[PDB]
Amino acid sequence: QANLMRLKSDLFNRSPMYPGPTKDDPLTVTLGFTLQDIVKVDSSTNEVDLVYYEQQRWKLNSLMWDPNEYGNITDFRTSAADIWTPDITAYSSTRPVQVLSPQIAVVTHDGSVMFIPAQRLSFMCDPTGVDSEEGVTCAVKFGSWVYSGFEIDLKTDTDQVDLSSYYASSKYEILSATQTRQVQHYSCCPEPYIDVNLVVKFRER
Amino acid sequence: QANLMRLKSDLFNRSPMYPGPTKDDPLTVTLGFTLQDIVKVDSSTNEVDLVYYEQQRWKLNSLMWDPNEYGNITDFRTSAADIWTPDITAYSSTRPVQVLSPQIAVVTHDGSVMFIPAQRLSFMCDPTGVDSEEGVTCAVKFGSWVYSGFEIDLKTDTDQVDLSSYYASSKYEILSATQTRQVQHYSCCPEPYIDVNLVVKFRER
Amino acid sequence: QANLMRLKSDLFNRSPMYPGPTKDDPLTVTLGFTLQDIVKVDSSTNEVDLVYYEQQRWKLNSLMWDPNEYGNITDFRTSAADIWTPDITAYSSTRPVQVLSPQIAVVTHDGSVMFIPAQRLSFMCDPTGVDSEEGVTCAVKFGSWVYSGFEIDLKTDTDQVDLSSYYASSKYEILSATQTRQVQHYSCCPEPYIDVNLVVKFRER
Amino acid sequence: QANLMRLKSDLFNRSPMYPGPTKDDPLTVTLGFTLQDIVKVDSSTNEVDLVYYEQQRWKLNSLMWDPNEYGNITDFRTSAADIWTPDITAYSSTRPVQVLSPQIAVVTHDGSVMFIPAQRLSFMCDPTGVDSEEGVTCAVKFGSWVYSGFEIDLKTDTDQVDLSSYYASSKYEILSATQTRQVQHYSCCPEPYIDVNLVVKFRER
Amino acid sequence: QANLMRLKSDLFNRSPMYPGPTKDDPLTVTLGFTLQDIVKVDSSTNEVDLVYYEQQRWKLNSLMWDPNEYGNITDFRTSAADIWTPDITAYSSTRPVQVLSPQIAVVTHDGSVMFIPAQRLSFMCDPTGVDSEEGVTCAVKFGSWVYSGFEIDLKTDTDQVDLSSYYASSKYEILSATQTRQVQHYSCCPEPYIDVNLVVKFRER
Ligand SMILES: C[C@@H]1C[C@@H]2[C@H]3Cn4c(cccc4=O)[C@@H](CN2C)[C@H]31
Ligand SMILES: C[C@@H]1C[C@@H]2[C@H]3Cn4c(cccc4=O)[C@@H](CN2C)[C@H]31
Ligand SMILES: C[C@@H]1C[C@@H]2[C@H]3Cn4c(cccc4=O)[C@@H](CN2C)[C@H]31
Ligand SMILES: C[C@@H]1C[C@@H]2[C@H]3Cn4c(cccc4=O)[C@@H](CN2C)[C@H]31
Ligand SMILES: C[C@@H]1C[C@@H]2[C@H]3Cn4c(cccc4=O)[C@@H](CN2C)[C@H]31
Ligand SMILES: *[C@@H]1O[C@H](CO)[C@@H](O)[C@H](O)[C@H]1NC(C)=O
Ligand SMILES: *[C@@H]1O[C@H](CO)[C@@H](O)[C@H](O)[C@H]1NC(C)=O
Ligand SMILES: *[C@@H]1O[C@H](CO)[C@@H](O)[C@H](O)[C@H]1NC(C)=O
């Protein structure tokens, strides 16, 4: 405990806080989804409700330490309030995201961070035809709200959404689920913004 | 990071906070809407629910810096809590506005600020006739709750609401959408208050 | 800005906070309502939902300044958290009040304050007969929860509720709307408590 | 104001906070209910919703003062955050309690405190038969969640719930309403826990 | 009170906060459930709502004291904010958990802690067949969100859920209710995570 207390104190009390990524020092965030449930479909508003875990990974030089100086500690858990976290946002939500998991991340000695918030999201999707064999397809993009591709880039480790925790007695069965990097351009703004597009194809069970 | 950390520290730790606009030093806020979805209509309460992005722009001398003194930094992202933001409020809401995007703004070296909150709003609107060819028209005014025209003025860059991110499979298609500056007077209060009136004409798709 | 920054600092950093009104130094609060909408009626729970602005006015010696010492500033806007505000409470609500406007007040050099929160309120009201010509009458009292008449008194400027921003396409039209000072006595407590009784008579449009 | 400011400062800035009651220094809390409305009944979930005021009284030596030293002040109003309050909790709620009144208490020079929170509570109750002449009976216990009888005891001034503010046009009329001290024992825990059991018998009006 | 004030001050003001469990200093948390009500079932979303108390127990060397040095005090109640608490999380919730009891724990002189939060939980469960003699079975896992088995292990005192406070007039009667330790492995992560699996079998009464 003494060694971890020292490490956290050296990292968090001494530092002026990380001011986010910049054009000179950009950052790549890795995203992965594990889809747990399609809870609800609303055909009168074209809203669909998902429950998933969003795995986020990034790496900061300012979170590095030498494990030899801190009793061989290679990593630790810490409150997400102690650190910067990326502003990854759904581009087509219809409600504030509801947070289902404790806001705690894992920091590793090389400065890498893993953060896995569980969320419930309502987003724009037309479920008409969900009761057929073909099913429906729906999509929602996730990216930084405020940082362009020149400050935050995204990648995935796989294009396959993790379906191994999908609720087996859901009202909806999943036919496929992909997560794919894209580049968007907007009327408001000159620079490209990066997203990962979660595409889910499903039907009634 | 070092240069941005310095800049933020020089702007935000040293300063007593900006105390808002005054009659002697008034401010013009530019507003623009991009309408994403008419999610829901309630014909038993005459409430309609929109999802949009509200682009806000203003400029303060106290947020100026010389980029040459801070490693050629011309702009940065920062939490909206670090700065003053205008109290732009819908005049006919029926619920607290729900915030859908991170509360982060962009500050530029000339002291100009851009802030683009995504919101879901329930407001007063009679949807009777939405299922016809003619459709319905509805309106909501946005302005400072507490500052008159002598402290906060508003303008738009265009009278055309941006419909280029409008959800193509919404239950409602948009026939027109305008945003127009107006001047209001109230029994309580001697001075004029400025608003931008969002007028949306729509029908079932 | 320099002069207002000084004024706010002199008023709020130097002061120990106002400890509320007392028997020795009582306060009169002026209340006025402007009724915007009867949004909803629930005949299975006898709850009705209003949207209104509640104009509050009072005066404290501790908020006085000489405008000559602060660049001729006669008034300013400030966050309601910076100052004491009266605990005016609906006596027959069925839900927490929802706040629809920014919590910002106007302080004037003589120590007078104006604060105008927009609220949505669910309160106890039997709507049976609302669909008739006679309509229904409902009532809700507003007063200090904790201060008697010997510490907080109330008055109105008029007994007529302001109907000039009433939503013209509401489901309910207003037949009359009054706001009247009353004195209540309770088993628990020896002293009188003051309220303003909002009486609204309405029917389907 | 000067004298009250001094008193509050002497009581709250100088003190280390009261650490709650103990076996060596136990406390008796007096409870009384005034029932305002049975708002809603849900026969598909067996939940019933009440609105009431819960009068709480207790006394601490650490809140004593000599009125002669503070300009003859015998009592004052203060925010409930300034002081310890008992953790009185409904034992069979189905939702977090909703608070309907300002969190402000009255402290008197002998160290006694009065606190009267207005609440809306959903609790476990089977309303089947509410539409008959006999009506239904329902019950909910209120006590400390964490303190046994050896640290917190309870009493009532009367076994009769105060029905003098009961909403006359409620959907439900009250046949009887009692509040009675009881002693409970639990598998988890060796000591007795005290409650006041609110028993309400009611039917459709 | 003097003695307890000293103890709390010595434990909480002097200490740098416990930084959670580690591989070098792991922790075992004991969990037990007492099921109070199955409130609601939603067959269109496959969500079920429970109300229960979750008894949590663990032990830290840094919370030890010698009762002889503090007036023979063997234990005390304190706010949960004063101490570390395990991040025990439902793995298949569909909404944020609603907290129904005060966030206060009991600390004992040997460093052991007891914490018993009452919760309402919506979780993934197919109620189809609940209206039959056989009923339905549903399950939800509870464990650390972020700590593996090498930092947080779990155990139960019994595999039998405590049904002695189960609401006798619930819509649903309980046929069986068990709580059983398990070990999970996830695609994201190399180490095992421990849970207690709450299995409830029930039907309409
Ligand atoms: C219309 C664009 C979509 C969304 C908006 C928010 N936004 C942007 C740039 C800078 C700051 C900012 O808040 C753009 C990119 N964002 C992902 C716009
Ligand atoms: C009834 C008026 C509309 C709305 C209200 C709130 N308000 C005002 C002035 C100063 C402070 C203030 O809170 C007025 C202007 N506002 C836009 C009134
Ligand atoms: C039953 C009374 C109604 C309401 C309650 C709250 N209250 C009071 C006195 C002191 C403090 C206080 O909280 C009384 C006056 N208030 C307006 C009681
Ligand atoms: C199952 C029991 C009912 C409730 C629970 C919470 N509780 C207790 C003791 C100490 C701390 C504590 O949180 C007991 C008494 N409480 C009123 C248990
Ligand atoms: C998909 C896994 C389930 C859940 C998630 C959250 N989580 C984990 C490890 C480290 C940090 C973290 O936040 C894993 C274990 N947890 C119980 C994943
Ligand atoms: C800033 O601008 C000049 C001119 O382009 C450049 O050569 C210089 O190296 C820059 N300074 C820093 C610290 O990046
Ligand atoms: C306070 O005490 C008594 C109360 O009757 C009174 O005679 C005296 O005038 C009061 N004095 C002050 C300074 O308040
Ligand atoms: C504590 O216990 C001892 C006996 O074990 C006793 O002598 C002492 O008086 C006790 N503490 C008190 C009275 O505070």
# chains A, B, ... in the order shown; residues from 1 in each chain; ligands from 1
call {"tool": "residues_around", "arguments": {"residues": "residue 81 (chain C)", "least_positions_apart": "3", "cutoff": "9 Å", "atoms": "only C-alpha atoms", "output": "ChimeraX atom specification"}}
result
/C:78,84-85,103-104
call {"tool": "write_last_selection", "arguments": {"atoms": "N, CA, C and O atoms", "output": "PDB file, in the first residue's frame"}}
result
ATOM      1  N   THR C  78     -25.960  38.171 -11.328  1.00  0.00           N
ATOM      2  CA  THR C  78     -25.065  37.235 -10.674  1.00  0.00           C
ATOM      3  C   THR C  78     -25.770  35.913 -10.392  1.00  0.00           C
ATOM      4  O   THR C  78     -26.980  35.857 -10.214  1.00  0.00           O
ATOM      5  N   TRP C  84     -28.191  34.804  -0.773  1.00  0.00           N
ATOM      6  CA  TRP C  84     -29.316  34.165  -0.140  1.00  0.00           C
ATOM      7  C   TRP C  84     -30.546  34.341  -1.059  1.00  0.00           C
ATOM      8  O   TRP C  84     -30.693  35.367  -1.722  1.00  0.00           O
ATOM      9  N   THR C  85     -31.405  33.325  -1.090  1.00  0.00           N
ATOM     10  CA  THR C  85     -32.681  33.386  -1.790  1.00  0.00           C
ATOM     11  C   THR C  85     -33.764  32.821  -0.858  1.00  0.00           C
ATOM     12  O   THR C  85     -33.490  31.956  -0.042  1.00  0.00           O
ATOM     13  N   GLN C 103     -30.186  29.870 -13.052  1.00  0.00           N
ATOM     14  CA  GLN C 103     -30.299  30.370 -11.701  1.00  0.00           C
ATOM     15  C   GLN C 103     -29.418  31.602 -11.515  1.00  0.00           C
ATOM     16  O   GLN C 103     -28.322  31.548 -10.957  1.00  0.00           O
ATOM     17  N   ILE C 104     -29.933  32.720 -12.029  1.00  0.00           N
ATOM     18  CA  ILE C 104     -29.218  33.984 -12.078  1.00  0.00           C
ATOM     19  C   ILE C 104     -30.212  35.060 -11.642  1.00  0.00           C
ATOM     20  O   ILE C 104     -31.340  35.081 -12.124  1.00  0.00           O
TER      21      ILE C 104
END
call {"tool": "residues_near_ligand", "arguments": {"ligand": "ligand 4", "cutoff": "9 Å", "atoms": "only C-alpha atoms and all ligand atoms", "output": "ChimeraX atom specification"}}
result
/D:89,91,142-148,184-195 /E:34,53,55,77,101-106,114-118,165
call {"tool": "write_last_selection", "arguments": {"atoms": "N, CA, C and O atoms", "output": "short mmCIF file (atom, residue, chain, number, x, y, z; two decimals), in the first residue's frame"}}
result
data_model
loop_
_atom_site.label_atom_id
_atom_site.label_comp_id
_atom_site.auth_asym_id
_atom_site.auth_seq_id
_atom_site.Cartn_x
_atom_site.Cartn_y
_atom_site.Cartn_z
N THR D 89 -35.30 6.14 7.84
CA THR D 89 -35.44 5.51 6.55
C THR D 89 -36.68 4.63 6.55
O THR D 89 -36.95 3.91 7.53
N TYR D 91 -38.54 1.35 5.68
CA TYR D 91 -38.01 -0.02 5.57
C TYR D 91 -38.52 -0.81 4.36
O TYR D 91 -37.97 -1.85 4.06
N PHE D 142 -40.66 3.14 9.72
CA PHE D 142 -39.60 4.14 9.61
C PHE D 142 -38.68 4.04 10.83
O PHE D 142 -39.14 4.07 11.96
N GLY D 143 -37.38 3.91 10.58
CA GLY D 143 -36.37 3.89 11.63
C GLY D 143 -34.96 4.17 11.13
O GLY D 143 -34.74 4.32 9.92
N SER D 144 -34.01 4.25 12.05
CA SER D 144 -32.61 4.34 11.67
C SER D 144 -32.28 3.11 10.85
O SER D 144 -32.68 2.00 11.20
N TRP D 145 -31.56 3.31 9.75
CA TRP D 145 -31.02 2.19 8.98
C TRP D 145 -29.87 1.52 9.72
O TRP D 145 -29.77 0.30 9.71
N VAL D 146 -29.00 2.31 10.36
CA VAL D 146 -27.73 1.77 10.89
C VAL D 146 -27.56 1.77 12.40
O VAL D 146 -26.66 1.11 12.88
N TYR D 147 -28.38 2.52 13.14
CA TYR D 147 -28.25 2.58 14.59
C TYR D 147 -29.30 1.76 15.33
O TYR D 147 -30.51 1.91 15.10
N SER D 148 -28.82 0.92 16.26
CA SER D 148 -29.69 0.11 17.09
C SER D 148 -30.39 0.95 18.16
O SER D 148 -30.15 2.16 18.29
N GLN D 184 -37.72 -4.28 16.41
CA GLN D 184 -37.47 -5.34 15.43
C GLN D 184 -36.16 -6.03 15.77
O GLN D 184 -35.28 -5.43 16.38
N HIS D 185 -36.05 -7.28 15.33
CA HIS D 185 -34.82 -8.06 15.42
C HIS D 185 -34.55 -8.67 14.04
O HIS D 185 -35.47 -9.12 13.37
N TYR D 186 -33.28 -8.69 13.64
CA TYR D 186 -32.90 -9.15 12.31
C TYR D 186 -31.84 -10.24 12.39
O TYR D 186 -30.98 -10.18 13.27
N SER D 187 -31.88 -11.21 11.47
CA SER D 187 -30.87 -12.28 11.36
C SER D 187 -29.44 -11.76 11.34
O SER D 187 -28.57 -12.33 11.99
N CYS D 188 -29.20 -10.68 10.59
CA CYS D 188 -27.84 -10.14 10.43
C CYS D 188 -27.17 -9.65 11.72
O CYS D 188 -25.95 -9.58 11.79
N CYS D 189 -27.96 -9.26 12.72
CA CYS D 189 -27.52 -8.24 13.68
C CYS D 189 -28.02 -8.56 15.09
O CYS D 189 -29.17 -8.94 15.24
N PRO D 190 -27.16 -8.47 16.11
CA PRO D 190 -27.57 -8.97 17.45
C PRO D 190 -28.54 -8.06 18.24
O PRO D 190 -29.32 -8.56 19.05
N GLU D 191 -28.50 -6.75 17.99
CA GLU D 191 -29.23 -5.77 18.82
C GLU D 191 -30.61 -5.44 18.23
O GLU D 191 -30.85 -5.63 17.04
N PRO D 192 -31.54 -4.92 19.06
CA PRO D 192 -32.84 -4.46 18.54
C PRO D 192 -32.76 -3.12 17.80
O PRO D 192 -31.97 -2.25 18.18
N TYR D 193 -33.60 -2.96 16.77
CA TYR D 193 -33.72 -1.71 16.03
C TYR D 193 -35.12 -1.17 16.22
O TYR D 193 -36.08 -1.93 16.21
N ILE D 194 -35.25 0.14 16.41
CA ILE D 194 -36.54 0.75 16.72
C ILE D 194 -37.15 1.33 15.44
O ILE D 194 -36.44 1.89 14.61
N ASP D 195 -38.47 1.20 15.30
CA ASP D 195 -39.18 1.86 14.22
C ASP D 195 -40.49 2.47 14.68
O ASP D 195 -41.00 2.14 15.74
N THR E 34 -30.47 -10.16 0.99
CA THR E 34 -31.80 -10.42 1.52
C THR E 34 -32.82 -9.79 0.56
O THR E 34 -32.83 -8.58 0.36
N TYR E 53 -31.40 -6.02 0.04
CA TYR E 53 -30.29 -5.47 0.80
C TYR E 53 -29.08 -6.33 0.46
O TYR E 53 -29.16 -7.56 0.53
N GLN E 55 -25.58 -7.18 1.85
CA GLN E 55 -24.62 -7.15 2.95
C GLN E 55 -23.20 -7.36 2.44
O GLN E 55 -22.91 -8.38 1.85
N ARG E 77 -20.25 4.02 13.67
CA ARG E 77 -20.89 4.31 12.40
C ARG E 77 -20.21 5.48 11.73
O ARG E 77 -19.90 6.47 12.39
N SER E 101 -31.14 3.32 0.90
CA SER E 101 -30.71 3.44 2.29
C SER E 101 -29.55 4.44 2.45
O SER E 101 -28.82 4.69 1.50
N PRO E 102 -29.39 5.02 3.64
CA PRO E 102 -28.30 5.96 3.88
C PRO E 102 -26.93 5.31 3.67
O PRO E 102 -26.73 4.13 4.01
N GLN E 103 -26.00 6.07 3.11
CA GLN E 103 -24.68 5.55 2.80
C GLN E 103 -23.77 5.67 4.03
O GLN E 103 -22.92 6.56 4.12
N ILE E 104 -23.99 4.76 4.97
CA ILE E 104 -23.32 4.75 6.25
C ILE E 104 -22.91 3.31 6.54
O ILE E 104 -23.73 2.40 6.37
N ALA E 105 -21.67 3.11 6.97
CA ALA E 105 -21.15 1.78 7.32
C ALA E 105 -20.75 1.68 8.79
O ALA E 105 -20.73 2.68 9.52
N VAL E 106 -20.45 0.45 9.22
CA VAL E 106 -20.00 0.20 10.59
C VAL E 106 -18.59 -0.32 10.54
O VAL E 106 -18.33 -1.32 9.90
N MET E 114 -18.74 -3.43 7.93
CA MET E 114 -20.01 -3.93 7.42
C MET E 114 -20.78 -2.78 6.75
O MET E 114 -20.91 -1.70 7.32
N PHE E 115 -21.28 -3.04 5.55
CA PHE E 115 -22.03 -2.05 4.77
C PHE E 115 -23.22 -2.76 4.10
O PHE E 115 -23.04 -3.79 3.44
N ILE E 116 -24.43 -2.23 4.30
CA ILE E 116 -25.65 -2.91 3.85
C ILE E 116 -26.56 -1.99 3.03
O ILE E 116 -27.58 -1.54 3.51
N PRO E 117 -26.18 -1.72 1.78
CA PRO E 117 -27.02 -0.87 0.94
C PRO E 117 -28.28 -1.56 0.45
O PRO E 117 -28.22 -2.67 -0.07
N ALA E 118 -29.41 -0.89 0.62
CA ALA E 118 -30.66 -1.31 0.01
C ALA E 118 -30.72 -0.72 -1.40
O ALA E 118 -30.44 0.46 -1.61
N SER E 165 -37.47 -11.39 5.16
CA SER E 165 -38.11 -10.08 4.99
C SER E 165 -38.85 -9.96 3.66
O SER E 165 -39.17 -8.84 3.24
#
call {"tool": "residues_near_ligand", "arguments": {"ligand": "ligand 6", "cutoff": "7 Å", "atoms": "only C-alpha atoms and all ligand atoms", "output": "list in words"}}
result
residues 68, 71 and 72 of chain B
call {"tool": "closest_residue", "arguments": {"among": "E:123, E:52, E:58, E:202", "to": "chain D", "atoms": "only C-alpha atoms"}}
result
E:52
call {"tool": "closest_residue", "arguments": {"among": "A:18, A:65, A:167, A:70", "to": "chain B", "atoms": "only C-alpha atoms"}}
result
A:18
call {"tool": "atom_distance", "arguments": {"atom1": "CA of residue 107 (chain D)", "atom2": "atom 17 (C, counted along the ligand's line) of ligand 3"}}
result
16.3 Å
call {"tool": "interface_residues", "arguments": {"of": "chain B", "to": "chain A", "cutoff": "7 Å", "atoms": "only C-alpha atoms", "output": "list in words"}}
result
residues 1, 4, 5, 39, 40, 51, 98, 99, 100, 101, 102, 120, 169, 170 and 171 of chain B
call {"tool": "residues_around", "arguments": {"residues": "residue 157 (chain C)", "least_positions_apart": "4", "cutoff": "8 Å", "atoms": "only C-alpha atoms", "output": "list in words"}}
result
residues 30, 31 and 32 of chain C
call {"tool": "write_last_selection", "arguments": {"atoms": "N, CA and C atoms", "output": "PDB file, in the first residue's frame"}}
result
ATOM      1  N   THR C  30     -41.814  40.011  -2.280  1.00  0.00           N
ATOM      2  CA  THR C  30     -42.911  40.223  -3.206  1.00  0.00           C
ATOM      3  C   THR C  30     -42.921  39.060  -4.206  1.00  0.00           C
ATOM      4  N   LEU C  31     -44.099  38.472  -4.417  1.00  0.00           N
ATOM      5  CA  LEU C  31     -44.294  37.378  -5.376  1.00  0.00           C
ATOM      6  C   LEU C  31     -45.309  37.747  -6.437  1.00  0.00           C
ATOM      7  N   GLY C  32     -45.035  37.343  -7.673  1.00  0.00           N
ATOM      8  CA  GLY C  32     -45.981  37.451  -8.786  1.00  0.00           C
ATOM      9  C   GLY C  32     -45.819  36.281  -9.747  1.00  0.00           C
TER      10      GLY C  32
END
call {"tool": "residues_around", "arguments": {"residues": "residue 27 (chain B)", "least_positions_apart": "4", "cutoff": "7 Å", "atoms": "only C-alpha atoms", "output": "list in words"}}
result
residues 21, 151, 152 and 153 of chain B
call {"tool": "write_last_selection", "arguments": {"atoms": "N, CA and C atoms", "output": "mmCIF file, in the first residue's frame"}}
result
data_model
loop_
_atom_site.group_PDB
_atom_site.id
_atom_site.type_symbol
_atom_site.label_atom_id
_atom_site.label_comp_id
_atom_site.auth_asym_id
_atom_site.auth_seq_id
_atom_site.Cartn_x
_atom_site.Cartn_y
_atom_site.Cartn_z
ATOM 1 N N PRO B 21 -21.312 40.148 -19.453
ATOM 2 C CA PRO B 21 -21.475 41.401 -20.184
ATOM 3 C C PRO B 21 -22.217 42.469 -19.381
ATOM 4 N N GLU B 151 -27.106 44.436 -23.038
ATOM 5 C CA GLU B 151 -25.957 43.628 -22.569
ATOM 6 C C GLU B 151 -25.646 42.434 -23.480
ATOM 7 N N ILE B 152 -26.694 41.729 -23.919
ATOM 8 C CA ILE B 152 -26.547 40.639 -24.903
ATOM 9 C C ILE B 152 -27.473 40.865 -26.103
ATOM 10 N N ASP B 153 -26.851 40.999 -27.272
ATOM 11 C CA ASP B 153 -27.528 40.980 -28.550
ATOM 12 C C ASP B 153 -27.245 39.632 -29.208
#
call {"tool": "closest_residue", "arguments": {"among": "C:75, C:175, C:37, C:141", "to": "ligand 3", "atoms": "only C-alpha atoms and all ligand atoms"}}
result
C:141
call {"tool": "select_by_dssp", "arguments": {"residues": "region 77-190 of chain A", "states": "strand (DSSP E)", "output": "ChimeraX atom specification"}}
result
/A:77-79,88-90,98-99,104-108,110-115,118-124,136-144,152-155,172-186,189-190
call {"tool": "atom_distance", "arguments": {"atom1": "CA of residue 183 (chain C)", "atom2": "CA of residue 164 (chain D)"}}
result
16.2 Å
call {"tool": "atom_distance", "arguments": {"atom1": "CA of residue 172 (chain B)", "atom2": "CA of residue 41 (chain B)"}}
result
9.5 Å
call {"tool": "closest_residue", "arguments": {"among": "A:12, A:204, A:26, A:36", "to": "residue 132 (chain A)", "atoms": "only C-alpha atoms"}}
result
A:204
call {"tool": "closest_residue", "arguments": {"among": "D:134, D:66, D:162, D:110", "to": "ligand 7", "atoms": "only C-alpha atoms and all ligand atoms"}}
result
D:66
call {"tool": "closest_residue", "arguments": {"among": "A:80, A:38, A:50, A:196", "to": "ligand 1", "atoms": "only C-alpha atoms and all ligand atoms"}}
result
A:196
